[PDB]
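Here's structure_7.cif, which has mmCIF, C-alpha atoms:
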data_upload
loop_
_atom_site.group_PDB
_atom_site.id
_atom_site.type_symbol
_atom_site.label_atom_id
_atom_site.label_comp_id
_atom_site.auth_asym_id
_atom_site.auth_seq_id
_atom_site.Cartn_x
_atom_site.Cartn_y
_atom_site.Cartn_z
ATOM 1 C CA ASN F 1 0.000 0.000 0.000
ATOM 2 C CA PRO F 2 2.649 2.638 0.884
ATOM 3 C CA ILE F 3 4.374 4.269 -2.074
ATOM 4 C CA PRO F 4 8.125 3.475 -2.075
ATOM 5 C CA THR F 5 9.092 7.026 -1.134
ATOM 6 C CA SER F 6 12.335 8.104 0.540
ATOM 7 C CA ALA F 7 10.966 7.887 4.087
ATOM 8 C CA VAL F 8 9.424 4.403 3.930
ATOM 9 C CA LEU F 9 12.438 2.858 2.199
ATOM 10 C CA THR F 10 14.963 4.353 4.620
ATOM 11 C CA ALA F 11 12.811 3.336 7.594
ATOM 12 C CA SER F 12 12.441 -0.255 6.358
ATOM 13 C CA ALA F 13 16.052 -0.603 5.160
ATOM 14 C CA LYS F 14 16.802 -2.428 8.420
ATOM 15 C CA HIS F 15 14.373 -5.196 7.444
ATOM 16 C CA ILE F 16 15.383 -5.056 3.771
ATOM 17 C CA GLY F 17 19.013 -5.708 4.707
ATOM 18 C CA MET F 18 18.224 -9.131 6.194
ATOM 19 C CA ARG F 19 15.479 -10.474 3.886
ATOM 20 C CA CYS F 20 16.520 -9.057 0.487
ATOM 21 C CA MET F 21 20.187 -10.051 0.813
ATOM 22 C CA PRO F 22 20.417 -12.689 -1.982
ATOM 23 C CA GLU F 23 18.509 -10.614 -4.544
ATOM 24 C CA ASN F 24 20.518 -7.496 -3.677
ATOM 25 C CA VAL F 25 23.790 -9.427 -3.986
ATOM 26 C CA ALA F 26 22.703 -10.828 -7.353
ATOM 27 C CA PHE F 27 21.778 -7.365 -8.629
ATOM 28 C CA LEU F 28 25.063 -5.890 -7.388
ATOM 29 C CA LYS F 29 27.066 -8.651 -9.083
ATOM 30 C CA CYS F 30 25.108 -8.138 -12.308
ATOM 31 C CA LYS F 31 25.671 -4.370 -12.213
ATOM 32 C CA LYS F 32 29.385 -4.708 -11.423
ATOM 33 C CA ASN F 33 30.048 -6.846 -14.505
ATOM 34 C CA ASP F 34 28.262 -4.501 -16.923
ATOM 35 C CA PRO F 35 26.881 -0.962 -16.434
ATOM 36 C CA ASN F 36 24.180 -1.491 -19.080
ATOM 37 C CA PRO F 37 20.680 -0.786 -17.730
ATOM 38 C CA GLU F 38 19.417 -3.047 -20.524
ATOM 39 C CA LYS F 39 21.547 -5.985 -19.370
ATOM 40 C CA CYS F 40 20.668 -5.353 -15.707
ATOM 41 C CA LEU F 41 16.946 -5.119 -16.518
ATOM 42 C CA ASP F 42 15.924 -8.678 -15.628
ATOM 43 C CA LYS F 43 17.692 -8.632 -12.256
ATOM 44 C CA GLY F 44 16.251 -5.153 -11.664
ATOM 45 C CA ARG F 45 12.739 -6.563 -11.268
ATOM 46 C CA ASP F 46 13.447 -9.374 -8.793
ATOM 47 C CA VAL F 47 14.699 -6.915 -6.173
ATOM 48 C CA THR F 48 11.769 -4.589 -6.870
ATOM 49 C CA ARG F 49 9.177 -7.339 -6.433
ATOM 50 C CA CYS F 50 10.810 -8.760 -3.296
ATOM 51 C CA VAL F 51 11.111 -5.313 -1.692
ATOM 52 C CA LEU F 52 7.480 -4.526 -2.533
ATOM 53 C CA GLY F 53 6.426 -7.843 -1.004
ATOM 54 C CA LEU F 54 8.398 -7.025 2.135
ATOM 55 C CA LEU F 55 6.762 -3.593 2.335
ATOM 56 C CA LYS F 56 3.310 -5.168 1.983
ATOM 57 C CA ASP F 57 4.117 -7.715 4.697
ATOM 58 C CA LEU F 58 5.443 -5.032 7.053
ATOM 59 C CA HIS F 59 2.413 -2.810 6.430
ATOM 60 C CA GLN F 60 -0.018 -5.625 7.231
ATOM 61 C CA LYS F 61 1.852 -7.103 10.210
ATOM 62 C CA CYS F 62 3.040 -3.798 11.735
ATOM 63 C CA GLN F 63 0.372 -1.273 10.742
ATOM 64 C CA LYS F 64 0.132 1.377 13.467
ATOM 65 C CA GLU F 65 3.767 1.059 14.586
ATOM 66 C CA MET F 66 5.097 1.732 11.062
ATOM 67 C CA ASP F 67 3.027 4.753 10.009
ATOM 68 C CA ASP F 68 4.341 6.777 12.954
ATOM 69 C CA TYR F 69 7.896 5.611 12.224
ATOM 70 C CA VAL F 70 7.628 6.764 8.606
ATOM 71 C CA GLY F 71 5.987 10.035 9.608
ATOM 72 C CA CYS F 72 8.709 10.856 12.117
ATOM 73 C CA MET F 73 11.489 9.834 9.719
ATOM 74 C CA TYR F 74 10.014 12.148 7.084
ATOM 75 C CA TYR F 75 9.633 14.879 9.714
ATOM 76 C CA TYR F 76 13.258 14.654 10.886
ATOM 77 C CA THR F 77 14.708 13.919 7.408
ATOM 78 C CA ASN F 78 15.824 10.334 8.016
ATOM 79 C CA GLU F 79 17.970 11.010 11.109
ATOM 80 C CA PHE F 80 17.978 7.864 13.237
ATOM 81 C CA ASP F 81 19.553 9.069 16.482
ATOM 82 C CA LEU F 82 17.189 12.007 17.047
ATOM 83 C CA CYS F 83 13.876 10.314 17.891
ATOM 84 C CA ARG F 84 14.405 6.517 17.842
ATOM 85 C CA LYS F 85 11.228 6.199 19.926
ATOM 86 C CA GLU F 86 8.922 5.050 17.151
ATOM 87 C CA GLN F 87 11.975 3.078 16.020
ATOM 88 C CA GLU F 88 12.025 0.653 18.948
ATOM 89 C CA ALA F 89 8.230 0.851 18.874
ATOM 90 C CA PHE F 90 8.619 -0.515 15.337
ATOM 91 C CA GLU F 91 10.958 -3.443 15.933
ATOM 92 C CA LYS F 92 8.958 -4.223 19.077
ATOM 93 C CA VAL F 93 6.127 -5.642 16.952
ATOM 94 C CA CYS F 94 8.121 -6.507 13.817
ATOM 95 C CA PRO F 95 10.624 -9.135 15.019
ATOM 96 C CA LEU F 96 13.229 -8.888 12.179
ATOM 97 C CA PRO E 1 33.329 75.294 76.485
ATOM 98 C CA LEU E 2 35.002 72.629 78.669
ATOM 99 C CA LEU E 3 33.623 69.946 76.307
ATOM 100 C CA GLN E 4 36.356 69.807 73.677
ATOM 101 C CA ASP E 5 36.335 67.010 71.126
ATOM 102 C CA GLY E 6 38.900 64.314 71.803
ATOM 103 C CA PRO E 7 39.599 60.607 72.146
ATOM 104 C CA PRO E 8 37.531 58.638 74.665
ATOM 105 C CA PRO E 9 39.174 57.471 77.904
ATOM 106 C CA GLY E 10 41.776 54.800 77.261
ATOM 107 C CA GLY E 11 42.431 56.017 73.719
ATOM 108 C CA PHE E 12 41.129 54.689 70.436
ATOM 109 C CA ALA E 13 41.241 51.088 69.269
ATOM 110 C CA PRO E 14 44.481 49.932 67.606
ATOM 111 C CA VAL E 15 44.489 49.910 63.810
ATOM 112 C CA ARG E 16 46.330 47.955 61.130
ATOM 113 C CA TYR E 17 48.350 49.511 58.315
ATOM 114 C CA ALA E 18 50.733 46.688 57.346
ATOM 115 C CA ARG E 19 49.119 45.380 54.122
ATOM 116 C CA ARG E 20 47.537 42.111 55.179
ATOM 117 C CA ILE E 21 47.747 39.574 52.341
ATOM 118 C CA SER E 22 44.769 37.259 51.881
ATOM 119 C CA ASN E 23 46.637 34.668 49.760
ATOM 120 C CA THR E 24 43.518 33.196 48.161
ATOM 121 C CA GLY E 25 43.257 30.552 45.465
ATOM 122 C CA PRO E 26 45.023 27.317 44.548
ATOM 123 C CA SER E 27 48.800 27.298 44.912
ATOM 124 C CA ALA E 28 51.890 25.612 43.436
ATOM 125 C CA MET E 29 51.261 22.570 41.200
ATOM 126 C CA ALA E 30 47.562 22.266 42.087
ATOM 127 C CA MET E 31 46.373 24.086 38.963
ATOM 128 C CA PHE E 32 48.879 22.292 36.727
ATOM 129 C CA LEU E 33 47.745 18.866 37.938
ATOM 130 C CA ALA E 34 44.065 19.831 37.742
ATOM 131 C CA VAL E 35 44.588 20.967 34.141
ATOM 132 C CA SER E 36 46.727 18.026 32.984
ATOM 133 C CA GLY E 37 44.402 15.402 34.453
ATOM 134 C CA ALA E 38 41.391 17.177 32.976
ATOM 135 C CA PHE E 39 43.119 17.273 29.584
ATOM 136 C CA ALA E 40 43.933 13.551 29.646
ATOM 137 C CA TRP E 41 40.479 12.474 30.832
ATOM 138 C CA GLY E 42 38.789 14.789 28.342
ATOM 139 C CA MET E 43 40.876 13.411 25.491
ATOM 140 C CA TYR E 44 39.848 9.880 26.464
ATOM 141 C CA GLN E 45 36.200 10.974 26.589
ATOM 142 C CA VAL E 46 36.577 12.656 23.185
ATOM 143 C CA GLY E 47 37.993 9.453 21.729
ATOM 144 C CA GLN E 48 35.077 7.454 23.113
ATOM 145 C CA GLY E 49 32.587 9.966 21.720
ATOM 146 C CA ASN E 50 34.276 9.874 18.322
ATOM 147 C CA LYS E 51 34.018 6.078 18.366
ATOM 148 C CA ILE E 52 30.294 6.354 19.139
ATOM 149 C CA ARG E 53 29.796 8.894 16.343
ATOM 150 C CA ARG E 54 31.711 6.667 13.923
ATOM 151 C CA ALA E 55 29.429 3.760 14.826
ATOM 152 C CA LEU E 56 26.358 5.942 14.266
ATOM 153 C CA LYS E 57 27.636 7.167 10.896
ATOM 154 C CA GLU E 58 28.575 3.674 9.723
ATOM 155 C CA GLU E 59 25.146 2.316 10.636
ATOM 156 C CA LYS E 60 23.558 5.237 8.775
ATOM 157 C CA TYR E 61 25.686 4.334 5.747
ATOM 158 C CA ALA E 62 24.791 0.646 6.131
ATOM 159 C CA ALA E 63 21.163 1.736 5.892
#

If you convert what's in this file into structure tokens, what do you get?
Amino acid sequence: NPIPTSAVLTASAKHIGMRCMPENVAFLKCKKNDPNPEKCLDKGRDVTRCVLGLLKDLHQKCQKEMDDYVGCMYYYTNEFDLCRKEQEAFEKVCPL
Amino acid sequence: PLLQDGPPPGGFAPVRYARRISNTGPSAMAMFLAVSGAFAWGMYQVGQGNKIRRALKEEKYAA
């Protein structure tokens, strides 16, 4: 449901970095070999679909505790150390 | 008028004029030690804080 904006993606990067690891590694290896966007096209959809699935899962499982996290991250321009309150409120319900 | 101004019986109270010195404040190596120890402890604290800031920045970059 959420649009993959800057705030949501930065907020959920913690969960992306442990569930999207193989797809991200594959895309990075593909991009390193050749800079062609055309050649990296096919691997550029696997990561997109897996990240969107993760965002859907996080939105459904952690609904109220993620909207406030995204709102505060957008408010403070993605600075983790400032608030952090909705942060632990977020991994409290999402177990990562 | 037989009531001239003058000192009271027994004279006036003794006074001081010899430049009493208070000698206030820390003395000798007290300030030097208090500054050197503060400098060392503060440098250690600064190193610890820089380590913490480096950890924060590297986790931000890992995000």

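Matched in the shown structure by the PyMOL selection byres ((chain F) within 8 of (chain E)): residues 10, 13, 14, 17, 80 and 81 of chain F.
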
Writing out the chosen residues with C-alpha atoms as a tab-separated table (two decimals), keeping the file's coordinate frame:
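Listed below is the output, part30.tsv:
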chain	number	residue	atom	x	y	z
F	10	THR	CA	14.96	4.35	4.62
F	13	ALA	CA	16.05	-0.60	5.16
F	14	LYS	CA	16.80	-2.43	8.42
F	17	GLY	CA	19.01	-5.71	4.71
F	80	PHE	CA	17.98	7.86	13.24
F	81	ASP	CA	19.55	9.07	16.48

Let me have the centre and edge lengths of the axis-aligned box enclosing all listed atoms of range 12-16 of chain E with 3 Å padding on every side, in Å to one decimal, as lines of an AutoDock Vina configuration file.
center_x = 43.7
center_y = 51.3
center_z = 65.8
size_x = 11.2
size_y = 12.7
size_z = 15.3

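From CA of residue 27 in chain F back to CA of residue 43 in chain F, the distance works out to 5.6 Å.
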
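Counting from CA of residue 51 in chain E, the distance to CA of residue 34 in chain E is 25.8 Å.
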
Under the PyMOL selection byres ((chain F and resi 44) around 12), which residues of this model are included? Write them out as number ranges by chain. F: 23-31, 36-43, 45-51

Since the input is missing atoms for range 27-45 of chain E, could you rebuild it with N, CA, C and O atoms and give the result as an mmCIF file, in the frame of the given file?
data_model
loop_
_atom_site.group_PDB
_atom_site.id
_atom_site.type_symbol
_atom_site.label_atom_id
_atom_site.label_comp_id
_atom_site.auth_asym_id
_atom_site.auth_seq_id
_atom_site.Cartn_x
_atom_site.Cartn_y
_atom_site.Cartn_z
ATOM 1 N N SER E 27 47.387 26.951 44.879
ATOM 2 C CA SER E 27 48.800 27.298 44.912
ATOM 3 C C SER E 27 49.654 26.167 44.354
ATOM 4 O O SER E 27 49.261 24.997 44.399
ATOM 5 N N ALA E 28 50.814 26.539 43.816
ATOM 6 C CA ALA E 28 51.890 25.612 43.436
ATOM 7 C C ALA E 28 51.410 24.742 42.275
ATOM 8 O O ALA E 28 50.934 25.285 41.267
ATOM 9 N N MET E 29 51.524 23.415 42.359
ATOM 10 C CA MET E 29 51.261 22.570 41.200
ATOM 11 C C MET E 29 49.805 22.126 41.145
ATOM 12 O O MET E 29 49.435 21.301 40.302
ATOM 13 N N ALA E 30 48.969 22.644 42.044
ATOM 14 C CA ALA E 30 47.562 22.266 42.087
ATOM 15 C C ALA E 30 46.866 22.535 40.758
ATOM 16 O O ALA E 30 46.206 21.647 40.207
ATOM 17 N N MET E 31 47.014 23.753 40.232
ATOM 18 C CA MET E 31 46.373 24.086 38.963
ATOM 19 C C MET E 31 46.951 23.267 37.817
ATOM 20 O O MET E 31 46.211 22.828 36.931
ATOM 21 N N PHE E 32 48.268 23.054 37.811
ATOM 22 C CA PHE E 32 48.879 22.292 36.727
ATOM 23 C C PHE E 32 48.363 20.859 36.705
ATOM 24 O O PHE E 32 48.037 20.321 35.642
ATOM 25 N N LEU E 33 48.286 20.221 37.875
ATOM 26 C CA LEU E 33 47.745 18.866 37.938
ATOM 27 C C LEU E 33 46.273 18.840 37.552
ATOM 28 O O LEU E 33 45.837 17.956 36.804
ATOM 29 N N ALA E 34 45.492 19.803 38.050
ATOM 30 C CA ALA E 34 44.065 19.831 37.742
ATOM 31 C C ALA E 34 43.815 20.057 36.258
ATOM 32 O O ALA E 34 42.792 19.612 35.728
ATOM 33 N N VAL E 35 44.726 20.746 35.577
ATOM 34 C CA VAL E 35 44.588 20.967 34.141
ATOM 35 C C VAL E 35 45.067 19.761 33.344
ATOM 36 O O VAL E 35 44.417 19.355 32.380
ATOM 37 N N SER E 36 46.198 19.163 33.729
ATOM 38 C CA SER E 36 46.727 18.026 32.984
ATOM 39 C C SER E 36 45.808 16.813 33.091
ATOM 40 O O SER E 36 45.540 16.133 32.090
ATOM 41 N N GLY E 37 45.325 16.514 34.300
ATOM 42 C CA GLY E 37 44.402 15.402 34.453
ATOM 43 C C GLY E 37 43.107 15.623 33.697
ATOM 44 O O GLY E 37 42.575 14.701 33.069
ATOM 45 N N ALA E 38 42.586 16.850 33.744
ATOM 46 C CA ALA E 38 41.391 17.177 32.976
ATOM 47 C C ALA E 38 41.635 16.995 31.488
ATOM 48 O O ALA E 38 40.780 16.464 30.777
ATOM 49 N N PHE E 39 42.801 17.421 31.000
ATOM 50 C CA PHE E 39 43.119 17.273 29.584
ATOM 51 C C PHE E 39 43.170 15.805 29.178
ATOM 52 O O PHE E 39 42.598 15.418 28.152
ATOM 53 N N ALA E 40 43.831 14.970 29.982
ATOM 54 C CA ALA E 40 43.933 13.551 29.646
ATOM 55 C C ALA E 40 42.564 12.874 29.664
ATOM 56 O O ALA E 40 42.198 12.151 28.723
ATOM 57 N N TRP E 41 41.791 13.103 30.728
ATOM 58 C CA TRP E 41 40.479 12.474 30.832
ATOM 59 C C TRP E 41 39.545 12.968 29.734
ATOM 60 O O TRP E 41 38.772 12.188 29.165
ATOM 61 N N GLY E 42 39.612 14.261 29.411
ATOM 62 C CA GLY E 42 38.789 14.789 28.342
ATOM 63 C C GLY E 42 39.170 14.239 26.985
ATOM 64 O O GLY E 42 38.305 14.007 26.142
ATOM 65 N N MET E 43 40.465 14.030 26.746
ATOM 66 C CA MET E 43 40.876 13.411 25.491
ATOM 67 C C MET E 43 40.368 11.979 25.389
ATOM 68 O O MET E 43 39.928 11.546 24.317
ATOM 69 N N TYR E 44 40.411 11.228 26.493
ATOM 70 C CA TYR E 44 39.848 9.880 26.464
ATOM 71 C C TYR E 44 38.349 9.915 26.182
ATOM 72 O O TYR E 44 37.832 9.117 25.385
ATOM 73 N N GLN E 45 37.635 10.843 26.824
ATOM 74 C CA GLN E 45 36.200 10.974 26.589
ATOM 75 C C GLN E 45 35.914 11.364 25.144
ATOM 76 O O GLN E 45 34.944 10.888 24.544
#
